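Visitor: Just passing along the structure, written as structure tokens.
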Amino acid sequence: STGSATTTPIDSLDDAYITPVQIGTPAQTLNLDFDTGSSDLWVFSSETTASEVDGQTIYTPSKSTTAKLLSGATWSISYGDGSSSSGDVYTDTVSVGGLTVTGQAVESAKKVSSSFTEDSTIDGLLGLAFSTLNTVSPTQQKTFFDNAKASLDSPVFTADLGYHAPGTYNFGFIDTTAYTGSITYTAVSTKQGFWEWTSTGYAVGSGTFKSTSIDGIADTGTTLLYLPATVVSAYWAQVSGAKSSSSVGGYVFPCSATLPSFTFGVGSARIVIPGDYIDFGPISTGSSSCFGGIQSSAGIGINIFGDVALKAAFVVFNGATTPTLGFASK
Numbered sequence: 070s071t072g073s074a075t076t077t078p079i080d081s082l083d084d085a086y087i088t089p090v091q092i093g094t095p096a097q098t099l100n101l102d103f104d105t106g107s108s109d110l111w112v113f114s115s116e117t118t119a120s121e122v123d124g125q126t127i128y129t130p131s132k133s134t135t136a137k138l139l140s141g142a143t144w145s146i147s148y149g150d151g152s153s154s155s156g157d158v159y160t161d162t163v164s165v166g167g168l169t170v171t172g173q174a175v176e177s178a179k180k181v182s183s184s185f186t187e188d189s190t191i192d193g194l195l196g197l198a199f200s201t202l203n204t205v206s207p208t209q210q211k212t213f214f215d216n217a218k219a220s221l222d223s224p225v226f227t228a229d230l231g232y233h234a235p236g237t238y239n240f241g242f243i244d245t246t247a248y249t250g251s252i253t254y255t256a257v258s259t260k261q262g263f264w265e266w267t268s269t270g271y272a273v274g275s276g277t278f279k280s281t282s283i284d285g286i287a288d289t290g291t292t293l294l295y296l297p298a299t300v301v302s303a304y305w306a307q308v309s310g311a312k313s314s315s316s317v318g319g320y321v322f323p324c325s326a327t328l329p330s331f332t333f334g335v336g337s338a339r340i341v342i343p344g345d346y347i348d349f350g351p352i353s354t355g356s357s358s359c360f361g362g363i364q365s366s367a368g369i370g371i372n373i374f375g376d377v378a379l380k381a382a383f384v385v386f387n388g389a390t391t392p393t394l395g396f397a398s399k
């Protein structure tokens, strides 16, 4: 089998992407944030504290003839941005782009933190990291990809995120029309539960390539590109007036600037992030200070190849017995 679904930016900045997901019988369609950096499929629901729902579409398990309470199971997750959610668990039928999994754990939120409530466009998350990170207790549950894998034509999914435009998540096949050149595959460590890999270096604008190993994670659920402070300083030093602002929480730059590109290495291959992809717009409405799309990872503990990086590529998440990642230009 295969599946193919369009993913759409939630706003004019590409702060996140939503993909429609069918849950239950009859189908209830929710728009979920596909997140290769986490491993829980959780949704706003009829169980979510009413004051914490503000415009989201909810899953109502009592209206699904295939929903079953997973007795005794609870979940609770905290994300790198400080947000969190928790609740109980059903199993139900879940379909993405024509690919159907029966018995998928659907984690129903009883509580969500304020940032989730405040984002009316995201109805939940669909985790695509390794199932060892799934938070369901006392019996850990499998991701949608893990459940579908054996049925897929090939044990892969691909992320093709757009810049200010829709893109595609495919399951079970590699669309050879969706990229240019060849796909360069690189090794993955699953030891932390992430799609963790090592970039071979970087360049700023038209500058020379610096060969240096940068271990990080391919994370569709993180907006920005988080890299070591040395790399980030070298990038922003090429932008007149750019500075790190403790009060804003990262590098800012004059909105009048034209940003240089940023290149990252994948083996001997190179992925170029155009400068425009690094502009996240005014720090507050009407400000002439703009927020940068490349930020330091120094306070995180891990480097994160988030959407800013991934949307410059066609990305293969290869879930073969030994997982690997593939990157192609597009």
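Everything in the sequence shown is counted per mature numbering (1 follows the signal peptide of the UniProt record, and there is no 0), starting at 70 for the first residue and increasing by one.
Cβ coordinates follow ideal geometry from the N, Cα and C atoms, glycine included.
Classify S131: buried if its beta carbon has 16 or more other beta carbons within 10 angstroms, exposed otherwise.
Guide: The residue is exposed, with fewer than 16 neighbouring Cβ atoms inside 10 Å.
Visitor: Going by C-alpha distance, which of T88, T71 and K179 is nearest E116?
Guide: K179
Visitor: Can you list, in chain order, the residues of its chain with a C-beta nearer than 6 angstroms to that of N239? Leave out the 5 residues immediately preceding and following it.
Guide: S73 and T227
Visitor: Return the CA-CA distance between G344 and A306, expressed in angstroms with no decimal places.
Guide: 14 angstroms
Visitor: Compare the Cα-Cα distances from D188 to each of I87, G318, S314 and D244 and report the closest residue.
Guide: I87
Visitor: What are the boundary residues of the alpha helix (DSSP H) that includes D215?
Guide: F213 to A217
Visitor: Please tell me whether residue 31 and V181 are closer than 8 angstroms, where the distance is taken between their beta carbons.
Guide: Residue 31 is absent from the model: the chain starts at 70 and stops at 399.
Visitor: Where does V335 fall in DSSP's three states?
Guide: strand
Visitor: By how many angstroms is the C-alpha of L293 removed from the C-alpha of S183?
Guide: Cα to Cα, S183 sits roughly 21 angstroms from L293.
Visitor: When the Cα atoms are used, what is the spatial distance from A397 to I252?
Guide: 5 angstroms
Visitor: With distance defined between alpha-carbon atoms, name the residue in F374, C359 and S357 nearest to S365.
Guide: Of the listed residues, the one whose Cα sits closest to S365 is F374.
Visitor: Once you ignore the five residues that flank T76 on each side, which residues in its own chain have a CB closer than 6 angstroms to its CB?
Guide: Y86, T88, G236 and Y238
Visitor: Pull up the distance between the alpha-carbon of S120 and that of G368, whole angstroms please.
Guide: Looking at the backbone, the Cα of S120 and that of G368 are separated by about 32 angstroms.
Visitor: My understanding is that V273 touches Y232, with C-beta atoms under 8 angstroms, so please give their C-beta distance in whole angstroms.
Guide: So it is not a contact: roughly 19 angstroms between Cβ atoms.
Visitor: With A142 and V163 assumed to form a contact (beta carbons below 8 angstroms), what rounded beta-carbon distance in angstroms separates them?
Guide: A142 to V163, Cβ: 16 angstroms. No contact.
Visitor: Buried or exposed: which applies to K312, given that a residue is buried once 16 or more other Cβ atoms fall within 10 Å of its Cβ?
Guide: exposed
Visitor: Who pairs with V158 in a beta bridge, going by DSSP?
Guide: Beta-bridge pairing links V158 to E176.
Visitor: Taking just the CA atoms, how far does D244 sit from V90?
Guide: 21 angstroms
Visitor: Which runs of the beta strand (DSSP E) fall wholly inside the region 294–336 and span at least 3 residues, in chain order?
Guide: 294–296, 312–314, 319–323 and 331–335, all fully within the region 294–336.
Visitor: Cβ atoms of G334 and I347: under 8 angstroms apart, would you say?
Guide: The beta carbons of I347 and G334 sit no closer together than 8 angstroms.
Visitor: Hey, quick one: how far does the alpha helix (DSSP H) through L195 stretch, first residue to last?
Guide: Segment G193 to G196 is the beta strand (DSSP E) holding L195; no alpha helix (DSSP H) there.
Visitor: Have a look at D215, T186 and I191 and flag the residue whose alpha-carbon is nearest the alpha-carbon of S200.
Guide: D215
Visitor: Out of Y271, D161, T289 and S314, which has the shortest C-alpha to C-alpha gap to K211?
Guide: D161
Visitor: Cβ atoms of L138 and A174: under 8 angstroms apart, would you say?
Guide: no
Visitor: What residue range does the beta strand (DSSP E) around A142 cover?
Guide: Unbroken beta strand (DSSP E) run through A142: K137 to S147.
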